[PDB]
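# Summary of the model geometry
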Amino acid sequence: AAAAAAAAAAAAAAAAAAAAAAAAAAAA
Amino acid sequence: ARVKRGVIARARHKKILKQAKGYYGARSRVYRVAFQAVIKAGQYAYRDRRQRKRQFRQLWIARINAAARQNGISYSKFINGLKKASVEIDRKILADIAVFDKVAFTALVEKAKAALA
Amino acid sequence: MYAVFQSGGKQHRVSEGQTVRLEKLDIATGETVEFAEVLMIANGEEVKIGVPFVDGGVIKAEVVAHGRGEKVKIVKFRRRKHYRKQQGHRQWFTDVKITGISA
Amino acid sequence: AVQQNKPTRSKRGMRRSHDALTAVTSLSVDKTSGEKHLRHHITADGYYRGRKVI
Amino acid sequence: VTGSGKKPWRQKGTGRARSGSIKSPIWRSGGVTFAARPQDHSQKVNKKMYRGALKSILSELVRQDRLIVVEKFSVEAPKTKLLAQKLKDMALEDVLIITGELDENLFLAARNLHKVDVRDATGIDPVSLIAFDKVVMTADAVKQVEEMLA
Amino acid sequence: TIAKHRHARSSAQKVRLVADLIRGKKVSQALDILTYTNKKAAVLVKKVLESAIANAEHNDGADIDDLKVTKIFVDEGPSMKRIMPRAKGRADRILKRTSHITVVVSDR
Amino acid sequence: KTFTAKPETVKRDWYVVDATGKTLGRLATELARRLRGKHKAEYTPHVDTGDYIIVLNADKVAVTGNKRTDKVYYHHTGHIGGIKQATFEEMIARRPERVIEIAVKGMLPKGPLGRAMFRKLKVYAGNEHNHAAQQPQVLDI
RNA sequence: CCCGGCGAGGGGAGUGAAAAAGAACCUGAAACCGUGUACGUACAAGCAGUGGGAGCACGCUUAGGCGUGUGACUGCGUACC
RNA sequence: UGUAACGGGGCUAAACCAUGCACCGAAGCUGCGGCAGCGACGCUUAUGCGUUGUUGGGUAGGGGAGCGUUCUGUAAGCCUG
Ligand SMILES: [Mg+2]
Ligand SMILES: [Mg+2]
Ligand SMILES: [Mg+2]
Ligand SMILES: [Mg+2]
Ligand SMILES: [Mg+2]
Ligand SMILES: [Mg+2]
Ligand SMILES: [Mg+2]
Ligand SMILES: [Mg+2]
Ligand SMILES: [Mg+2]
Ligand SMILES: [Mg+2]
Ligand SMILES: [Mg+2]
Ligand SMILES: [Mg+2]
Ligand SMILES: [Mg+2]
Ligand SMILES: [Mg+2]
Ligand SMILES: [Mg+2]
Ligand SMILES: [Mg+2]
Ligand SMILES: [Mg+2]
Ligand SMILES: [Mg+2]
Ligand SMILES: [Mg+2]
């Protein structure tokens, strides 16, 4: 039958890049 | 009031692109690099003018010294003999005589040998 | 059969029958210029290297045509010192034809 | 495991050069039904070197 | 720009720029950086400067003869073709007819003419004294405007 | 006489893999090679090399044994887009490539 | 427009020279400028104007002083513990072609035309060759 | 009317001023991706040019020397803010 | 890490100090030919031209002059199947 082919493009409104806790330079 | 300004830019970028046609890669495809390809071309040629005169003045003395060592004389004696003979002929045409007319340049170094000797 | 001659400092050498371009000559489109301070004339092994010039001979030549020439752009630039300059330039040259050689 | 430039179509084709799929070099023919089946394979009909299998 | 002052996202963290509003004046559907208000434009020019301008415009029309003087010019019926054919056989093209006093038929005789204006005596202005090519002037209005200009 | 096929759902590399070896051949061999190549672009290109011979025998009056392929080129169709569920929050939409395949068979 | 000697028109020569008794530094620069091709009048920089030399008996070339032993030949290969060294007398007793070829490889210019000008260095170290069919001239230096 | 699965997609026919105005439709560039021609492309080292500059095809040609797409080979040179 | 404490080659001078004879060598100077600003000599201005010296690397930043695009008067004219 006939066509209708434009449905969805959503970024879902969700979170993003992560973080770190790998302690760097600290002494003395 | 609201200059919908596509028409100046689409010609201004195309001017730089058509000046930059022939450049490898994307230097002749994308405007954001194509601009810097030809500012540098102008910066190269603006020095290359006087570099052209320097390299050609380096070039002309070579065949003069070649013909001088061909006939049997140095260069610091040759130019000194021609300054004794008070000529004003430059390196371009002094080389261009030695390009073809070998017997007249032979006469020239004979004249330098007859000015010294 | 070729002559070397001075013109505005920038010298020239040519035989007969071909054109020579030079600067903006202040001699109109049909007159004739003599080069009174000619440098050299050669004719196939009957030559003389004058001190400074060949004495008697002079190369006369009719003046053929004017002309504007080549737009050659000028770009000046200093990187990140906030300065660039644009300029344009064409040369006004004039070609003549050698008509009269005189040794 | 992260690139630092965007490479060009020249390098993309230079990698894609060795993808040279060739077709079948030649087919081969029967002797009692006569079609161009593959070499060392049965026909779509069901023939192989004279026999009609099924 | 209707929305609210809430951020899109927090400032530090994810690798984008420091966004500030949904009404951001560099965004799509944002604001305008220097939008202007409903304003006026009338300047002020002096009494002396205005009358000096009138005395200046009343001179090149004399030196170029685009002003002509006629004593009587009217019609006795409210009909516009009568003025049309009167200007036709008078052989003018673009006329500024300035009357001296009130007139009703000749003022009813311009409402379809384009190069004709039935001006009153006082109500002249130094751009309609150049915008019209040719102009007449009646002797009921000469002294009525020179008592103004003095 | 030419024939087209637009919005054929495959990509513009995995359709060009079949049609770099039927450019310079005869249309007798350029059907058996497209049977005996095991891709799906073999079917997507054999159907239009069939329905170009069956449209140069009808609307041109040419023969079959006179023909020879002289040019075959592909253009790249437009794509719909749907999202793939990534994890740790993110989402990703994917571009699903479609193709315009063209056949140009001439006579002499 | 000054003349640029195109390669398909310019010729080549054939000389031989017996370098016995000649010093390296005062031989090699002349063999460098011969095949650089500048003693001919029609020399051009960017197009090759070269010659052909044949240097005969190159195991006799001597340098004065104490430098038949005190001339070193450093070269490194590419494997990290692999830079080697041979001296002048050992290179002379082993391979007396590379004592002249590297000497002209120094003084000749560097690039594709540098290797092109190196390609004509038909240099031997014997007392015969196989290009006398090309009828060469015995040059003296 | 034919190819094809009765299909989606395409070459015909009729209109239509035009249908690369065909319904995903006025005008349709650039980033990007393909075919065709000519030059260039395997001893060649680096902001990829610029100034010289040989070869080759086309374009006028009075055969000269120039128009143009290239670019043997070298002197020089380390992006923008 | 690799020669690696002349830029390399190589040099018993192609090294060192003296004397003499030349040459190359910067956009420096000279010559040709155009461009623009200030003082100036006569314009009885042409609002400068036959005169005539001299000037012209340049950030921040003070001047000086212009180009370019959408709506408005000129604009019922002009341009167009
Ligand atoms: Mg607006
Ligand atoms: Mg392009
Ligand atoms: Mg100089
Ligand atoms: Mg980085
Ligand atoms: Mg809040
Ligand atoms: Mg919006
Ligand atoms: Mg808004
Ligand atoms: Mg060891
Ligand atoms: Mg070098
Ligand atoms: Mg269909
Ligand atoms: Mg579209
Ligand atoms: Mg459309
Ligand atoms: Mg090669
Ligand atoms: Mg070149
Ligand atoms: Mg000097
Ligand atoms: Mg200076
Ligand atoms: Mg000057
Ligand atoms: Mg300045
Ligand atoms: Mg308007």
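Cut-offs and rules
Residues numbered from 1 in each chain as written, not as in the entry; some residues may be left out. Chains lettered and ligands numbered in written order. Part of a larger assembly, values for the part shown. Heavy atoms only, no water. Helix = DSSP H or I, 4+ residues; strand = E, 2+ residues; numbered from the N terminus. Rg over C-alpha atoms; globule rule 2.2 N^0.38 Å. Buried < 20%, exposed > 50% of the residue type's maximum accessible area, 1.4 Å probe, protein only. Contact = heavy atoms within 4.5 Å. Buried area = accessible area lost by both parts, 1.4 Å probe. Salt bridge = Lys/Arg side-chain N within 4 Å of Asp/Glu carboxyl O. Polar contact = N/O pair within 3.5 Å; in protein donor to acceptor, adjacent residues only side chain to side chain. Pairing = 2+ DSSP bridges. Axes fitted to C-alpha atoms, helices over the stretch in contact; angles between N-to-C directions. Near = heavy atom within 4 Å. Nonpolar A, V, L, I, M, F, W, Y, C, P; charged D, E, K, R; others polar. Left-handed = near helix turned anticlockwise from the far one by under 90°. Expected span 1.5 Å × (residues − 1). Arc of directions from axis to C-beta. Parallel < 35°, antiparallel > 145°, perpendicular 65-115°, else oblique.

Per the PDB record, the structure was determined using cryo-EM to 3.9 Å resolution.

Next up on the list: the overall build of chain D. Broken down by element type, chain D carries 1 helix and 4 strands. The order of helices and strands in chain D, counted from the N terminus, is α-β-β-β-β. For 54 residues, the compact-globule estimate of 2.2 N^0.38 gives 10 Å, and the C-alpha radius of gyration of chain D, at 22 Å, exceeds that figure by more than 25%. Once the C-alpha set of chain D is aligned to its principal axes, its extents read approximately 65 × 20 × 15 Å. Classification of the 54 residues of chain D by burial places 13% in the buried group. For chain D, long-range pairs separated by at least 24 residues make up 0% of all intrachain contacts whose partners lie at least 6 apart in sequence.

Right, let's talk about the interface of chain B and chain G for a bit. With 8 residues of chain B at the interface, the matching set in chain G holds 9 residues. When chain B packs against chain G, close to 770 Å² is buried across both sides, 58% of that on carbon and sulfur atoms. Counting across the interface, chain B meets chain G through 0 salt bridges. Our count for the chain B to chain G interface comes out at 2 residue pairs in polar contact. Elements with a minimum of two residues in the side of chain B that touches chain G: α2 (31–71) and α4 (91–100) of chain B. In terms of residue count, the dominant contributor to the side of chain B that touches chain G is α2(B) (6 residues).

We now examine the sheet that holds strand β4 (residues 32–35) of chain C. Residues and elements named next belong to chain C. With antiparallel pairing, 4 strands are arranged side by side in an open sheet as β3-β9-β6-β4. Each of the sheet's edge strands pairs with one partner strand only, and the pair in question is β3 (19–22) and β4. Between one strand axis and the next, the sheet turns by 40° as a mean value, whatever way the strands run. Note: strand β6 (residues 59–65) against strand β9 (residues 94–100), 5 bridges, orientation antiparallel. Across the sheet, the residue bridging to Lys60 is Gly100, located in β9.

A separate point is the protein's contact with RNA strand I. The local shell around RNA strand I holds 39 residues, among which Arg54(B), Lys24(C), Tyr83(C), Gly25(G) and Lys67(G) are the closest. Counting only the atoms of RNA strand I within 4 Å of the protein, the fraction contributed by sugar and phosphate is 71%. Between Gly25(G) and RNA strand I, the recorded distance is 2.5 Å, taken from a backbone N or O atom to a base nitrogen. For RNA strand I, a phosphate oxygen lies 2.8 Å from a polar atom in the side chain of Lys71(G). Residue assignment for the surface near RNA strand I shows that the elements contributing at least two residues are α2 and α3 (78–84) of chain B together with α1 (24–36), β3 (72–75) and α3 (98–107) of chain G. Among the residues forming the surface near RNA strand I, the class breakdown is 15 nonpolar, 11 polar and 13 charged.

Once that is clear, we can look at the packing of α1(G) against α3(G). Residue and element names in this part refer to chain G. α3 packs onto α1 with a crossing angle of 65° between their chain directions and a minimal axis gap of 9 Å. The handedness of the crossing between α1 and α3 is right-handed. For the pair α1 and α3, contact is made by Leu24, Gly25, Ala28, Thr29, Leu31 and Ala32 and by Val99, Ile100, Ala103, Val104 and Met107, respectively. Here the contact of α1 with α3 is composed, by residue class, of 9 nonpolar, 2 polar and no charged.

As a further point, take the sheet that holds strand β5 (residues 99–106) of chain F. Two orientations exist for strands paired in a sheet by backbone hydrogen bonds: parallel and antiparallel. Residue and element names in this part refer to chain F. Taken in spatial order, the 3 strands line up as β1-β5-β2 in an open sheet, and their pairing is antiparallel. In the strand order of this sheet, the two ends are held by β1 (2–8) and β2 (68–76), each with one partner. Averaged over all adjacent pairs, the angle separating strand axes in this sheet is 15°, with direction ignored. Pairing analysis gives 5 bridges linking β1 to β5, with the strands arranged antiparallel. Residue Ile2 lies in a different strand from β5, and its bridge partner there is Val104. The strands touched by helix α2 (residues 41–56) are β1, β2 and β5; relative to β5, the strand with the most contacts, the crossing angle is about 40°.

In this section: helix α1 (residues 47–64) of chain E. One turn of the α-helix equals 3.6 residues, which is why residues spaced by three or four share an orientation. All names here are of chain E. The end-to-end C-alpha separation of α1 is 27 Å, in line with the 26 Å expected for 18 residues at 1.5 Å each. Buried residues of α1: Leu54, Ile57 and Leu61, and no others. End-on, the buried residues of α1 take up no more than an arc of 70°, which puts them together on one face. Of the residues in α1, the exposed ones pointing more than 90 degrees away from the buried face are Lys48, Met49, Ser56, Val62 and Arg63. At the exit of α1 stands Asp65, carrying a positive phi of roughly 65°.

Right, let's talk about the arrangement of the chains for a bit. Taken together, the 6 pairs of chains in contact show their highest number of contacts between chains B and C. The two partners chain E and chain G share no contact, and the minimum distance between any of their C-alpha atoms is 44 Å. Between chain F and chain G there is no contact; the minimum C-alpha to C-alpha separation amounts to 37 Å.

Before going further, it helps to spend a moment on the environment of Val87(B). Position of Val87(B) among the secondary structure elements: in the loop between α3 and α4. Taking the C-alpha atoms as reference, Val87(B) lies 46 Å from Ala37(B); in sequence the two are 50 residues apart. Discounting residues that sit within four places of it in the chain, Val87(B) has contacts with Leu82(B), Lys111(B), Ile49(C) and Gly50(C).

This part is about the protein's contact with RNA strand H. Close to RNA strand H lie 50 residues, the nearest being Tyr23(B), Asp48(B), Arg12(D), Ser51(F) and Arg119(G). Close to the protein, within 4 Å, the atoms of RNA strand H are drawn from sugar and phosphate at a rate of 78%. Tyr44(B) is positioned with one of its side-chain polar atoms (N or O) 2.6 Å from a sugar or linking oxygen of RNA strand H. Measuring from a sugar or linking oxygen of RNA strand H, one finds a side-chain N or O atom of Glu76(F) at 2.8 Å. When residues of the surface near RNA strand H are traced back to their parent elements, those giving at least two are α2 of chain B, α1 (9–16) of chain D, β1, α2 and β2 of chain F together with α4 (112–118) of chain G. Each residue belonging to the surface near RNA strand H can be placed in one class, and the counts come to 16 nonpolar, 12 polar and 22 charged.

Here the focus is the packing of helix α1 (residues 6–19) of chain B against α2(B). Residues and elements named next belong to chain B. Where α1 contacts α2, the two axes come as close as 9 Å, and the packing angle between them is 55°. Taken together, the axes of α1 and α2 lie oblique to each other. When the axes of α1 and α2 are compared, the crossing they make is left-handed. Of the residues in α2, those in contact with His13, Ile16, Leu17 and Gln19 of α1 are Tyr31, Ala34, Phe35 and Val38. The residue makeup of the contact of α1 with α2, split by class, is 6 nonpolar, 2 polar and no charged.

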